[PDB]
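One-letter residues, chain by chain:
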Amino acid sequence: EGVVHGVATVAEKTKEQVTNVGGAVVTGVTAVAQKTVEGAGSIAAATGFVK
Amino acid sequence: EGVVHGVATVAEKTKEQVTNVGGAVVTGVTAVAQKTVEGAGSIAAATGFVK
Amino acid sequence: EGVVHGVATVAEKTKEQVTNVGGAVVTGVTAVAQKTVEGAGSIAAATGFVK
Amino acid sequence: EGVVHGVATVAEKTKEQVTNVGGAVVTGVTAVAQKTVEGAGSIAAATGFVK
Amino acid sequence: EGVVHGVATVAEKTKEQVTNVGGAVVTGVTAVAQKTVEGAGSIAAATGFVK
Amino acid sequence: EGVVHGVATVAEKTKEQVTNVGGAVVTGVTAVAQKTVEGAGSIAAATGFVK
Amino acid sequence: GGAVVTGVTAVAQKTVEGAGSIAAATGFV
Amino acid sequence: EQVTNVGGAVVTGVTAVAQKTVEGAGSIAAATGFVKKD
Amino acid sequence: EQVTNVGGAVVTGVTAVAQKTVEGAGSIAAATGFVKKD
Amino acid sequence: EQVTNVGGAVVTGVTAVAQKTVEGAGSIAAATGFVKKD
Amino acid sequence: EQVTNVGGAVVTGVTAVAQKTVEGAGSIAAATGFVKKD
Amino acid sequence: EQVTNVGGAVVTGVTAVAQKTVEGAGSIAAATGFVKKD
């Protein structure tokens, strides 16, 4: 049935070289954030700088 | 059935070298953020700078 | 049945070298955030800087 | 039946090396954050800087 | 039946080496955060900096 | 039947090496934070910095 | 070969579904 | 066969900031002060 | 067969920072003070 | 068959910091003070 | 067959902090002061 | 078959900390000052 409303991601990390010798690095494998609804309902959101 | 509303992604990371010497870098494998709806409903969102 | 509303992610870490000498590093495997509803309901959320 | 509303993640750690001499490193396998409702309910959540 | 509302996570640790000599390291396997309701219920959660 | 609302996580540790001489290390497997209500009830939780 | 940098500010960020503001400046004399 | 040889690697005074944010907000502000009088 | 060779690796005065945030907020601010009088 | 060779690895004075936050908030502020008179 | 070879590994004056937070709040503030007169 | 080879491994003055928080709050602040006059 695969994926209906969500998303699908596949990855294979065979060989990677990362040398951190002069700074800072951040890396990641597929972080996700999800807001979904099926029927009657309401998702109200304010994400960011709101003040 | 594959994908109905969301998207699909495949990425095989075979061989990669990144050299961090004169600064900083960020990268990752396909982060995603999703909002979808099936029937009657509402997603009311404001993302960014709102003030 | 796969995934209906959520998302699907697969990753394989075969060989990876990270050498952290000239600074700091952060990395992760698929952290997730999820808010969903099925029927008549309400998720109301404000995430970030609200003031 | 797989997963209905939540998300699905699989990872395999075959071989990974992290050496950290001149800084700090944080890493992890799939931390999760989830809020969900089924029927007549409500989730109200302000996460971040609220003031 | 798999998982209905929660999430699914599988990870295998074949071979990994963390060598940390001149800094601090933190790592872990799948810490989770969850708040869910089924029927007539409510969750109100302010997390972060609230003041 | 798996898990209805809770989450599912499996992990195997074949071989992992940690060495720490001049810093701090913390390692963990499946730390849990959960709150769940099914019928008539509620949960109010403010966690973090409240002042 | 040489890799000699005088003095540097370096900024990198990725944001998905939010907002981010970078503000950097260097002082060299 | 992928190889990298860093010969000198001499960077004197640096500020380096990286961040990743999903579903939120993050603002970063950095500044360097360098003076090589001689 | 991948190989990294770092010859010198000399970085004198540095501040470095990375962070990841999912479903929240995070602001970092850094600054360096360097003076090489000689 | 991957290999790392760090020849010198000399980083005089640094501050470094990383963090991951899921479902919360985290703000950091760092700064270095360096003076190499010579 | 992966191997790490650190030749020099010299970091004179450093401070480093890392944290992970799930469902909470955490703020860190670090600083260094180094003076190598010679 | 992975091996660890640390040749020099010299850290003069350091201060490092790490923490993990699940369902709570945790904030630390640390700093170092080193003076290598010579």
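Residues numbered from 1 in each chain as written, not as in the entry; some residues may be left out. Chains lettered and ligands numbered in written order. Heavy atoms only, no water. Residues with missing side-chain atoms left out of burial classes, pairs and counts.

Judging from the entry metadata, cryo-EM is the method by which this structure was determined, and 3.2 Å is the reported resolution.

S.K.: What am I meant to see in the pattern of salt bridges here?
M.R.: When charged atoms on two side chains of opposite charge get close, those side chains can pair. Residue and element names in this part refer to chain F. A complete count under the given rule lists 12 salt bridges over all chains for this structure. Notably, a salt bridge pairs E16 with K13, separated by 2.3 Å at the nearest N-O pair. Among the residues examined, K13 registers a relative accessible area of 44% and is labelled partly exposed. (Salt bridge = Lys/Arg side-chain N within 4 Å of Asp/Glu carboxyl O. Buried < 20%, exposed > 50% of the residue type's maximum accessible area, 1.4 Å probe, protein only.)

S.K.: Looking at this structure, I do not really get the interface of chain A and chain C. What am I missing?
M.R.: Put simply, an interface is often sized by how much accessible area is lost when its parts join up. Residue-level contacts link 51 residues of chain A with 51 residues of chain C. Secondary-structure elements contributing two or more residues to the side of chain A that touches chain C are strand 1 (8-20), strand 2 (25-29), strand 3 (32-37) and strand 4 (42-49) of chain A. Considering each element in turn, the side of chain A that touches chain C owes the most residues, 13 residues, to strand 1 of chain A. Looking at the side of chain A that touches chain C, its residues break down into 23 nonpolar, 20 polar and 8 charged. (Contact = heavy atoms within 4.5 Å. Helix = DSSP H or I, 4+ residues; strand = E, 2+ residues; numbered from the N terminus. Nonpolar A, V, L, I, M, F, W, Y, C, P; charged D, E, K, R; others polar.)

S.K.: Would you explain the side chain of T32 of chain L in this entry?
M.R.: Counting through the fold element by element, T32 of chain L comes out in strand 3 (residues 28-35). Assessed through its relative accessible area of 15%, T32 of chain L is described here as buried. Residue contacts for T32 of chain L: discarding those within four places in its chain leaves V14, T15, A31, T32 and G33 of chain K together with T15 of chain L.

S.K.: I would appreciate a short explanation of the packing of aromatic side chains in the present structure.
M.R.: Two aromatic rings, taken as a pair, are described by how far apart their centres are and by the angle between their planes. A complete count under the given rule lists 10 aromatic pairs over all chains for this structure. Aromatic pair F49 of chain C and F49 of chain D: ring centres 4.4 Å apart, planes at 10 degrees, arrangement stacked. Of this pair, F49 of chain C sits in strand 4 (residues 41-49) while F49 of chain D sits in strand 4 (residues 41-49), each in a different chain. By way of ring pairs, the aromatic residues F49 of chain A, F49 of chain B, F49 of chain C, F49 of chain D, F49 of chain E together with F49 of chain F are connected into one cluster. (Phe/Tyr/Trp six-rings, centres within 6.5 Å; stacked < 30°, edge-to-face > 60°.)

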